[PDB]
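The file coords.txt comes next; it holds compact mmCIF, C-alpha atoms and all ligand atoms.
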# COMPACT_ATOMS: atom_id res chain seq x y z
CA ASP A 107 48.18 76.50 36.82
CA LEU A 108 47.14 78.76 39.71
CA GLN A 109 48.79 79.80 42.98
CA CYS A 110 47.75 82.03 45.89
CA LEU A 111 47.26 85.74 45.22
CA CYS A 112 48.67 86.90 48.56
CA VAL A 113 52.25 86.26 49.69
CA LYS A 114 52.20 88.05 53.05
CA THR A 115 49.48 89.74 55.10
CA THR A 116 49.62 93.32 56.35
CA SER A 117 48.64 94.84 59.69
CA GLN A 118 48.54 98.60 59.15
CA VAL A 119 46.15 100.45 56.83
CA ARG A 120 43.33 102.97 57.36
CA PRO A 121 39.82 101.42 57.08
CA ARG A 122 38.79 104.79 55.59
CA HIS A 123 41.10 104.07 52.65
CA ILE A 124 39.32 100.79 51.83
CA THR A 125 36.74 100.64 49.03
CA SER A 126 36.55 96.89 48.49
CA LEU A 127 37.22 93.65 50.37
CA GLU A 128 37.19 90.22 48.75
CA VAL A 129 37.00 87.04 50.82
CA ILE A 130 38.40 84.02 48.98
CA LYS A 131 37.71 80.48 50.24
CA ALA A 132 40.55 77.95 50.31
CA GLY A 133 40.71 75.97 47.07
CA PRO A 134 42.83 73.56 44.97
CA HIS A 135 44.96 76.51 43.86
CA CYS A 136 45.52 77.94 47.37
CA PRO A 137 45.67 75.99 50.67
CA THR A 138 44.81 79.01 52.84
CA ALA A 139 41.96 81.54 52.73
CA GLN A 140 42.69 85.02 51.35
CA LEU A 141 41.54 88.53 52.28
CA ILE A 142 42.17 91.03 49.48
CA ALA A 143 41.46 94.74 50.06
CA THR A 144 41.30 97.41 47.34
CA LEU A 145 42.02 101.07 48.11
CA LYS A 146 40.93 104.39 46.55
CA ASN A 147 44.27 104.82 44.78
CA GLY A 148 44.23 101.35 43.22
CA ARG A 149 46.56 99.77 45.78
CA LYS A 150 45.61 96.20 46.66
CA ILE A 151 46.74 94.57 49.91
CA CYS A 152 46.12 91.41 51.95
CA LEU A 153 44.72 91.28 55.48
CA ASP A 154 45.28 88.88 58.36
CA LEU A 155 42.82 86.02 58.91
CA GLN A 156 43.67 85.62 62.60
CA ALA A 157 42.77 89.22 63.45
CA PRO A 158 39.57 91.13 64.22
CA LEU A 159 40.72 93.74 61.68
CA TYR A 160 38.94 92.05 58.76
CA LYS A 161 35.83 92.03 60.95
CA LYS A 162 36.23 95.79 61.36
CA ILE A 163 36.84 96.43 57.66
CA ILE A 164 33.79 94.39 56.64
CA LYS A 165 31.49 95.92 59.27
CA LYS A 166 32.42 99.39 57.98
CA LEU A 167 31.99 98.81 54.23
CA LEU A 168 28.45 97.51 54.85
CA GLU A 169 27.64 100.42 57.16
CA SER A 170 28.61 102.88 54.42
CA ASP B 107 52.18 91.67 48.84
CA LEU B 108 50.71 90.38 45.57
CA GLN B 109 52.03 88.20 42.74
CA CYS B 110 50.58 86.92 39.47
CA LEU B 111 47.63 84.52 39.62
CA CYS B 112 48.73 82.40 36.65
CA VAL B 113 51.98 80.43 36.54
CA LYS B 114 51.64 78.79 33.12
CA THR B 115 49.11 79.11 30.29
CA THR B 116 47.19 76.21 28.78
CA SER B 117 46.36 75.38 25.17
CA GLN B 118 43.69 72.69 25.30
CA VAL B 119 40.18 73.09 26.74
CA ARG B 120 36.66 72.98 25.26
CA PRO B 121 35.10 76.47 24.79
CA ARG B 122 31.79 74.76 25.63
CA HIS B 123 33.15 74.07 29.12
CA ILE B 124 33.82 77.78 29.77
CA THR B 125 31.36 79.85 31.82
CA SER B 126 33.55 82.84 32.66
CA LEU B 127 36.62 84.65 31.34
CA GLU B 128 38.43 87.41 33.22
CA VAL B 129 40.90 89.71 31.49
CA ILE B 130 43.40 91.24 33.91
CA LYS B 131 45.55 94.23 32.87
CA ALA B 132 49.24 94.26 33.78
CA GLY B 133 49.82 95.95 37.12
CA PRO B 134 52.37 96.58 39.91
CA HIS B 135 51.67 93.09 41.24
CA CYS B 136 52.04 91.31 37.87
CA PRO B 137 54.26 92.35 34.92
CA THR B 138 52.22 90.43 32.33
CA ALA B 139 48.52 90.41 31.45
CA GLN B 140 46.41 87.45 32.63
CA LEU B 141 43.53 85.48 31.10
CA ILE B 142 41.63 83.46 33.71
CA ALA B 143 38.85 81.09 32.61
CA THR B 144 36.30 79.45 34.93
CA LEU B 145 34.61 76.16 34.01
CA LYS B 146 31.26 74.54 34.91
CA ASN B 147 32.91 72.21 37.43
CA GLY B 148 34.76 74.98 39.25
CA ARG B 149 38.10 74.40 37.54
CA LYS B 150 39.98 77.61 36.80
CA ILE B 151 42.68 77.79 34.12
CA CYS B 152 44.83 80.36 32.31
CA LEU B 153 44.81 81.03 28.57
CA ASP B 154 47.52 82.19 26.17
CA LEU B 155 47.78 85.88 25.30
CA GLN B 156 49.58 85.27 21.99
CA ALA B 157 46.80 83.07 20.60
CA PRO B 158 43.47 83.66 18.86
CA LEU B 159 41.94 81.20 21.34
CA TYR B 160 41.03 83.91 23.86
CA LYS B 161 39.38 85.75 20.96
CA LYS B 162 37.32 82.62 20.31
CA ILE B 163 36.39 82.10 23.95
CA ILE B 164 35.29 85.73 24.36
CA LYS B 165 33.32 85.83 21.09
CA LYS B 166 31.38 82.74 22.23
CA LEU B 167 30.50 83.83 25.79
CA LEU B 168 28.99 87.05 24.42
CA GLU B 169 27.10 85.17 21.70
CA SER B 170 25.48 82.96 24.35
CA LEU C 8 15.64 88.16 35.10
CA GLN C 9 17.86 88.05 38.18
CA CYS C 10 21.00 89.37 36.51
CA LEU C 11 23.94 91.39 37.79
CA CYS C 12 23.49 93.82 34.92
CA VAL C 13 19.86 94.96 34.98
CA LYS C 14 20.47 98.53 33.88
CA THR C 15 23.69 98.94 31.90
CA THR C 16 26.23 101.72 31.29
CA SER C 17 28.07 103.26 28.33
CA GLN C 18 30.17 106.01 29.91
CA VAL C 19 33.40 104.90 31.61
CA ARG C 20 37.08 105.91 31.43
CA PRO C 21 38.92 102.88 29.94
CA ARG C 22 42.12 103.84 31.79
CA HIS C 23 40.23 103.38 35.06
CA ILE C 24 39.56 99.71 34.23
CA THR C 25 41.79 97.07 35.84
CA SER C 26 39.86 93.98 34.77
CA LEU C 27 36.94 92.85 32.63
CA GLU C 28 35.03 89.64 33.32
CA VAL C 29 32.75 88.10 30.71
CA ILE C 30 30.09 85.95 32.34
CA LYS C 31 28.08 83.78 29.95
CA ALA C 32 24.30 83.70 29.67
CA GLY C 33 22.36 81.02 31.55
CA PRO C 34 18.96 79.95 32.90
CA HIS C 35 19.33 82.78 35.41
CA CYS C 36 20.60 85.49 33.04
CA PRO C 37 19.16 85.91 29.50
CA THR C 38 22.26 87.79 28.30
CA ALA C 39 26.03 87.59 28.70
CA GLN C 40 27.47 90.00 31.27
CA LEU C 41 30.44 92.33 30.98
CA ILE C 42 31.60 93.19 34.49
CA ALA C 43 34.39 95.79 34.69
CA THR C 44 36.43 96.34 37.85
CA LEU C 45 37.96 99.78 38.33
CA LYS C 46 41.14 100.93 40.11
CA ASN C 47 39.20 101.81 43.25
CA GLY C 48 37.79 98.28 43.39
CA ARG C 49 34.27 99.25 42.33
CA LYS C 50 32.44 97.41 39.55
CA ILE C 51 30.10 98.45 36.73
CA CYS C 52 28.14 96.63 34.03
CA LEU C 53 29.28 97.43 30.49
CA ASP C 54 26.95 97.83 27.53
CA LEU C 55 27.14 94.73 25.32
CA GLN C 56 27.36 97.15 22.37
CA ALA C 57 30.33 96.67 20.03
CA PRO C 58 33.05 99.33 20.20
CA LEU C 59 32.88 99.76 23.98
CA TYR C 60 34.39 96.46 25.15
CA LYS C 61 36.41 96.03 21.94
CA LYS C 62 38.94 98.77 22.75
CA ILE C 63 38.97 97.89 26.46
CA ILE C 64 40.13 94.27 26.14
CA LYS C 65 43.02 95.40 23.94
CA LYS C 66 44.00 98.15 26.41
CA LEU C 67 44.07 95.48 29.11
CA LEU C 68 46.33 93.37 26.88
CA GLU C 69 49.05 95.99 26.31
CA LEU D 8 20.93 104.36 41.06
CA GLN D 9 23.38 102.70 38.67
CA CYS D 10 24.32 99.81 40.96
CA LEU D 11 25.42 96.26 40.27
CA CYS D 12 22.78 95.01 42.69
CA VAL D 13 19.47 96.51 41.59
CA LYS D 14 17.29 93.54 42.46
CA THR D 15 18.81 91.32 45.15
CA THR D 16 18.65 87.63 46.11
CA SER D 17 18.20 85.56 49.28
CA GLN D 18 18.30 81.97 48.02
CA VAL D 19 21.76 80.53 47.31
CA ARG D 20 23.68 77.39 48.33
CA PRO D 21 26.58 78.61 50.53
CA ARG D 22 28.71 75.61 49.47
CA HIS D 23 28.50 76.87 45.89
CA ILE D 24 30.21 80.14 46.87
CA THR D 25 33.93 80.51 46.15
CA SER D 26 34.31 84.19 46.99
CA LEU D 27 32.42 87.16 48.41
CA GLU D 28 33.33 90.75 47.57
CA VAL D 29 32.05 93.65 49.65
CA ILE D 30 31.97 96.84 47.62
CA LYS D 31 31.36 100.02 49.61
CA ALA D 32 28.64 102.58 48.92
CA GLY D 33 29.49 105.67 46.89
CA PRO D 34 28.11 108.57 44.82
CA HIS D 35 27.16 105.96 42.22
CA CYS D 36 25.69 103.33 44.57
CA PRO D 37 23.48 104.30 47.56
CA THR D 38 24.16 100.97 49.32
CA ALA D 39 27.08 98.62 49.92
CA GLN D 40 27.19 95.63 47.58
CA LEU D 41 27.70 91.96 48.39
CA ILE D 42 28.87 90.21 45.22
CA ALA D 43 29.20 86.42 45.49
CA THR D 44 31.11 84.37 42.92
CA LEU D 45 30.06 80.74 42.51
CA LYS D 46 32.04 77.62 41.50
CA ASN D 47 30.88 77.93 37.90
CA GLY D 48 32.22 81.48 37.75
CA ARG D 49 28.81 83.16 37.78
CA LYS D 50 27.99 86.00 40.16
CA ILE D 51 24.93 87.03 42.18
CA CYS D 52 24.03 89.94 44.45
CA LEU D 53 23.42 88.95 48.07
CA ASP D 54 20.74 90.46 50.29
CA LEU D 55 22.34 92.86 52.76
CA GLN D 56 20.17 91.20 55.42
CA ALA D 57 22.00 89.85 58.48
CA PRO D 58 22.24 86.05 58.75
CA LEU D 59 22.81 85.47 55.02
CA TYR D 60 26.33 86.84 54.61
CA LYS D 61 27.24 86.16 58.25
CA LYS D 62 27.45 82.37 57.84
CA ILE D 63 29.00 82.65 54.37
CA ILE D 64 32.11 84.65 55.33
CA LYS D 65 32.87 82.11 58.07
CA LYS D 66 32.40 79.17 55.68
CA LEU D 67 34.89 80.87 53.36
CA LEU D 68 37.30 81.20 56.29
CA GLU D 69 37.38 77.51 57.28
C1 LIG E 201 43.75 115.02 52.03
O1 LIG E 201 42.72 115.30 52.97
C2 LIG E 201 41.54 114.54 52.71
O2 LIG E 201 41.15 113.83 53.89
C3 LIG E 201 40.08 112.90 53.69
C4 LIG E 201 40.64 111.55 53.25
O3 LIG E 201 40.90 111.59 51.85
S1 LIG E 201 40.81 110.32 51.01
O4 LIG E 201 39.43 109.95 51.07
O5 LIG E 201 41.23 110.71 49.70
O6 LIG E 201 41.69 109.40 51.65
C5 LIG E 201 39.09 113.42 52.66
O7 LIG E 201 37.78 112.90 52.94
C6 LIG E 201 37.09 112.52 51.75
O8 LIG E 201 36.61 113.70 51.10
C7 LIG E 201 35.88 113.46 49.89
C8 LIG E 201 36.79 112.91 48.81
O9 LIG E 201 37.21 111.73 48.88
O10 LIG E 201 37.09 113.65 47.85
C9 LIG E 201 34.68 112.55 50.15
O11 LIG E 201 34.71 111.38 49.31
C10 LIG E 201 33.46 111.14 48.68
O12 LIG E 201 33.23 112.14 47.68
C11 LIG E 201 34.27 112.18 46.71
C12 LIG E 201 34.04 113.39 45.80
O13 LIG E 201 33.09 113.06 44.79
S2 LIG E 201 32.08 114.06 44.36
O14 LIG E 201 30.79 113.35 44.50
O15 LIG E 201 31.96 115.17 45.24
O16 LIG E 201 32.14 114.40 42.98
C13 LIG E 201 34.33 110.85 45.94
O17 LIG E 201 35.46 110.83 45.05
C14 LIG E 201 35.08 111.02 43.69
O18 LIG E 201 34.40 109.87 43.21
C15 LIG E 201 33.78 110.15 41.96
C16 LIG E 201 33.00 108.95 41.51
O19 LIG E 201 33.39 107.81 41.85
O20 LIG E 201 31.98 109.12 40.81
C17 LIG E 201 34.82 110.52 40.89
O21 LIG E 201 34.12 111.11 39.78
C18 LIG E 201 34.82 110.99 38.55
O22 LIG E 201 34.83 109.61 38.13
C19 LIG E 201 33.51 109.12 37.89
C20 LIG E 201 33.54 107.61 37.68
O23 LIG E 201 34.45 107.28 36.63
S3 LIG E 201 34.32 105.98 35.93
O24 LIG E 201 35.70 105.64 35.53
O25 LIG E 201 33.62 106.05 34.70
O26 LIG E 201 33.92 104.91 36.77
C21 LIG E 201 32.94 109.83 36.68
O27 LIG E 201 31.64 109.31 36.39
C22 LIG E 201 32.83 111.32 36.97
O28 LIG E 201 32.45 112.01 35.78
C23 LIG E 201 34.16 111.89 37.49
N1 LIG E 201 33.89 113.22 38.08
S4 LIG E 201 35.04 114.27 37.66
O29 LIG E 201 35.23 115.25 38.76
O30 LIG E 201 36.31 113.55 37.42
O31 LIG E 201 34.63 114.99 36.43
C24 LIG E 201 35.89 111.50 41.39
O32 LIG E 201 37.06 111.41 40.56
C25 LIG E 201 36.30 111.22 42.83
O33 LIG E 201 37.06 112.32 43.33
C26 LIG E 201 34.46 109.67 46.90
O34 LIG E 201 34.26 108.47 46.16
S5 LIG E 201 35.00 107.18 46.54
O35 LIG E 201 34.95 106.24 45.40
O36 LIG E 201 36.41 107.49 46.86
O37 LIG E 201 34.36 106.55 47.71
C27 LIG E 201 33.45 109.76 48.03
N2 LIG E 201 33.75 108.73 49.05
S6 LIG E 201 32.50 108.54 50.05
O38 LIG E 201 32.67 109.41 51.24
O39 LIG E 201 32.43 107.13 50.49
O40 LIG E 201 31.25 108.90 49.36
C28 LIG E 201 34.61 112.15 51.62
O41 LIG E 201 34.26 113.30 52.41
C29 LIG E 201 35.94 111.59 52.10
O42 LIG E 201 36.14 110.32 51.47
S7 LIG E 201 35.95 109.03 52.27
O43 LIG E 201 35.38 107.98 51.39
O44 LIG E 201 35.02 109.27 53.40
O45 LIG E 201 37.25 108.57 52.80
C30 LIG E 201 39.07 114.94 52.67
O46 LIG E 201 38.07 115.43 51.77
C31 LIG E 201 40.43 115.48 52.26
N3 LIG E 201 40.62 116.82 52.84
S8 LIG E 201 41.13 117.85 51.70
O47 LIG E 201 42.60 117.97 51.76
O48 LIG E 201 40.52 119.18 51.93
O49 LIG E 201 40.72 117.35 50.37
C1 LIG E 202 27.72 64.18 29.33
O1 LIG E 202 27.05 64.56 28.13
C2 LIG E 202 26.64 65.92 28.16
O2 LIG E 202 27.13 66.59 26.99
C3 LIG E 202 26.92 68.02 27.00
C4 LIG E 202 28.09 68.70 27.70
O3 LIG E 202 27.89 68.63 29.11
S1 LIG E 202 28.44 69.74 30.02
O4 LIG E 202 27.72 70.91 29.64
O5 LIG E 202 28.15 69.29 31.34
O6 LIG E 202 29.83 69.79 29.71
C5 LIG E 202 25.61 68.37 27.69
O7 LIG E 202 25.09 69.58 27.13
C6 LIG E 202 24.54 70.44 28.14
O8 LIG E 202 23.26 69.93 28.53
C7 LIG E 202 22.59 70.71 29.53
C8 LIG E 202 23.32 70.64 30.86
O9 LIG E 202 24.41 71.24 31.01
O10 LIG E 202 22.81 69.97 31.78
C9 LIG E 202 22.40 72.15 29.06
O11 LIG E 202 22.97 73.09 29.99
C10 LIG E 202 22.07 74.15 30.30
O12 LIG E 202 21.00 73.65 31.11
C11 LIG E 202 21.47 73.03 32.31
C12 LIG E 202 20.29 72.36 33.01
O13 LIG E 202 19.56 73.33 33.77
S2 LIG E 202 18.08 73.28 33.82
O14 LIG E 202 17.67 74.64 33.43
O15 LIG E 202 17.49 72.44 32.84
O16 LIG E 202 17.55 73.12 35.13
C13 LIG E 202 22.18 74.06 33.19
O17 LIG E 202 22.78 73.42 34.33
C14 LIG E 202 22.04 73.67 35.53
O18 LIG E 202 22.18 75.02 35.92
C15 LIG E 202 21.24 75.34 36.95
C16 LIG E 202 21.35 76.79 37.29
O19 LIG E 202 22.46 77.35 37.18
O20 LIG E 202 20.34 77.39 37.69
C17 LIG E 202 21.46 74.49 38.21
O21 LIG E 202 20.30 74.61 39.03
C18 LIG E 202 20.56 74.36 40.41
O22 LIG E 202 21.36 75.43 40.95
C19 LIG E 202 20.68 76.68 40.90
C20 LIG E 202 21.64 77.81 41.25
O23 LIG E 202 22.23 77.57 42.52
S3 LIG E 202 22.81 78.69 43.29
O24 LIG E 202 23.92 78.09 44.06
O25 LIG E 202 21.95 79.23 44.29
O26 LIG E 202 23.44 79.68 42.48
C21 LIG E 202 19.50 76.64 41.84
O27 LIG E 202 18.84 77.91 41.84
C22 LIG E 202 18.53 75.56 41.39
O28 LIG E 202 17.50 75.42 42.37
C23 LIG E 202 19.23 74.22 41.18
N1 LIG E 202 18.32 73.34 40.41
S4 LIG E 202 18.34 71.84 41.00
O29 LIG E 202 18.12 70.87 39.90
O30 LIG E 202 19.66 71.57 41.63
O31 LIG E 202 17.27 71.68 42.01
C24 LIG E 202 21.72 73.00 37.90
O32 LIG E 202 22.39 72.38 39.01
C25 LIG E 202 22.56 72.80 36.65
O33 LIG E 202 22.51 71.42 36.25
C26 LIG E 202 23.29 74.77 32.41
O34 LIG E 202 23.75 75.88 33.19
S5 LIG E 202 25.22 76.32 33.14
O35 LIG E 202 25.51 77.17 34.32
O36 LIG E 202 26.10 75.13 33.16
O37 LIG E 202 25.47 77.10 31.91
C27 LIG E 202 22.80 75.26 31.05
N2 LIG E 202 23.96 75.73 30.25
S6 LIG E 202 23.44 76.60 28.99
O38 LIG E 202 23.30 75.72 27.81
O39 LIG E 202 24.43 77.65 28.69
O40 LIG E 202 22.14 77.21 29.30
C28 LIG E 202 22.98 72.35 27.67
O41 LIG E 202 22.19 71.64 26.71
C29 LIG E 202 24.42 71.86 27.60
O42 LIG E 202 25.23 72.74 28.38
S7 LIG E 202 26.15 73.76 27.68
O43 LIG E 202 26.20 75.00 28.49
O44 LIG E 202 25.61 74.07 26.34
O45 LIG E 202 27.50 73.19 27.56
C30 LIG E 202 24.60 67.24 27.52
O46 LIG E 202 23.34 67.61 28.08
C31 LIG E 202 25.11 65.99 28.22
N3 LIG E 202 24.52 64.79 27.57
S8 LIG E 202 23.92 63.81 28.70
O47 LIG E 202 24.91 62.75 29.01
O48 LIG E 202 22.68 63.18 28.19
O49 LIG E 202 23.62 64.58 29.92
Write the structure described by the file as structure tokens, please.
Amino acid sequence: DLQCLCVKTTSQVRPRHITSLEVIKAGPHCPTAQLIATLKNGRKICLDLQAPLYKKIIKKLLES
Amino acid sequence: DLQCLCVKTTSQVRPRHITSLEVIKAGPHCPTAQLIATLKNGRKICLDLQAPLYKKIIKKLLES
Amino acid sequence: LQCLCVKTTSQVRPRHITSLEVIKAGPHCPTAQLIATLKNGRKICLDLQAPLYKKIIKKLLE
Amino acid sequence: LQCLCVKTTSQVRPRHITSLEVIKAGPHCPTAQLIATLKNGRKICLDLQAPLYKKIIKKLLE
């Protein structure tokens, strides 16, 4: 009934452009964790789990 | 980067078992609208768009 | 009263809404909650009043 | 002050959390928002305090 939201991660986007980050735990409908980021223009993208980039994105959004 | 969350709809579930319903507009990452329902036990399922069932689920959750 | 929607809002541009989640009342929230997510990822609590969320759900279903 | 997280909470079972969304501050919300979604679909606003959301994000990443 449900699959993963993200097909492939991305590496390049400006942390300034990010308004929202959702962290989704692995579940019955997706074997891997997911990192969905929403941008000012409505564009949604996926981040890499094995990178410190998500750590940078998160640390910024909270600092705002 | 993103696909649809729901693969196939469902027809049978008890409206009593439903705690949350999310209505997702069609977008660049999914050609069709989506109706995701969350249940007390954590189970998530998709509803049918061409049915009055979603109308029943929604009308109940608000009445609660 | 430990709800997501303490104060609630009536003014929003329906075209800016990408999703609407209806969360049911419970021991922790006296009322149902209408959470709308906008294009920019932000969220706001919709007034449970009638014609507001009526038109929205249909515009999400087009 | 028309935020999702007016009042905020500190007591939640991390195993009950299925997702955590960080919404950034803006002209409409003075602070960033930590919205946690539980197994039963409900949502609660997490305290922006340190060790609460630190352990959670990692438990979501296992
Ligand atoms: C191209 O060069 C540019 O370089 C950088 C990068 O640009 S980027 O950010 O676009 O990538 C620019 O730096 C940014 O400059 C500002 C900007 O983004 O415009 C500024 O952003 C902050 O302030 C924005 C202006 O808002 S306002 O307060 O001055 O009015 C704000 O964007 C506005 O958000 C409001 C809002 O959310 O309330 C919007 O208001 C409108 O919608 C509201 C909500 O609608 S709803 O549907 O019901 O929900 C309505 O209630 C309201 O009536 C309505 N107002 S109206 O005017 O339409 O009538 C409005 O449309 C938006 O423009 C930013 O909000 S945010 O959501 O994007 O975060 C806000 N960001 S903040 O800094 O975090 O507070 C910053 O200086 C900077 O943005 S950034 O976030 O730091 O990246 C640079 O300005 C620009 N150079 S330029 O070429 O000279 O322009
Ligand atoms: C098998 O036969 C059954 O038939 C029907 C159908 O069952 S079904 O609903 O499971 O499908 C049963 O009818 C239901 O009966 C009640 C029930 O579901 O148990 C009742 O539901 C309402 O009340 C529940 C009991 O709560 S309590 O207030 O009395 O304490 C409630 O479930 C509890 O929710 C709380 C909660 O959300 O706060 C939970 O508390 C615990 O977690 C909290 C939050 O954690 S968090 O992670 O931090 O977020 C903690 O804060 C708290 O400390 C902790 N308490 S503790 O006990 O663990 O220490 C608790 O775990 C839950 O059990 C229902 O909440 S809900 O979220 O499911 O909606 C609530 N539903 S409500 O009616 O909408 O308010 C109803 O009568 C009915 O449920 S229903 O929603 O109408 O469908 C029937 O009882 C049963 N017959 S039986 O065989 O005899 O049992």
#### Entry: ligand LIG 202 (chain E) neighbours within 8 Å using only C-alpha atoms and all ligand atoms, as a PyMOL selection string
(chain B and resi 122-123+125+146+170) or (chain C and resi 31-35) or (chain D and resi 18-24+45+47+49+51)
Can I get the residues of chain A within 12 Å of ligand LIG 201 (chain E), each with the closest pair of atoms and their distance in Å to one decimal, using all atoms listed in the file, sorted chain first then ascending number, as CSV?
residue,atom,partner,partner_atom,distance
A:119,CA,E:LIG201,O6,11.3
A:120,CA,E:LIG201,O6,8.8
A:121,CA,E:LIG201,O45,8.7
A:122,CA,E:LIG201,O45,4.9
A:123,CA,E:LIG201,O6,5.5
A:124,CA,E:LIG201,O45,8.1
A:125,CA,E:LIG201,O37,6.5
A:126,CA,E:LIG201,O37,9.9
A:144,CA,E:LIG201,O35,11.0
A:145,CA,E:LIG201,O36,8.6
A:146,CA,E:LIG201,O36,5.5
A:147,CA,E:LIG201,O5,8.3
A:148,CA,E:LIG201,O36,10.6
A:166,CA,E:LIG201,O39,10.8
A:167,CA,E:LIG201,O39,9.1
A:168,CA,E:LIG201,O39,11.3
A:169,CA,E:LIG201,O39,10.6
A:170,CA,E:LIG201,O39,6.9
#### Entry: Interatomic distance (Å, one decimal) between atom CA of residue 29 of chain C and atom CA of residue 113 of chain A
27.3 Å
#### Entry: Proximity to residue 38 of chain D - best of D:50, D:55, D:61, D:16, all atoms listed in the file
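For residue 38 of chain D, the nearest of the candidates is D:55.
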### From A:130, A:155, A:108, A:143, residue lying nearest residue 44 of chain D [only C-alpha atoms]
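Among the listed residues, the smallest separation from residue 44 of chain D belongs to A:130.
Residues lying within 9 Å of residue 59 of chain C, counting all atoms listed in the file and ignoring same-chain neighbours fewer than 5 positions away, are residues 17, 53 and 54 of chain C.
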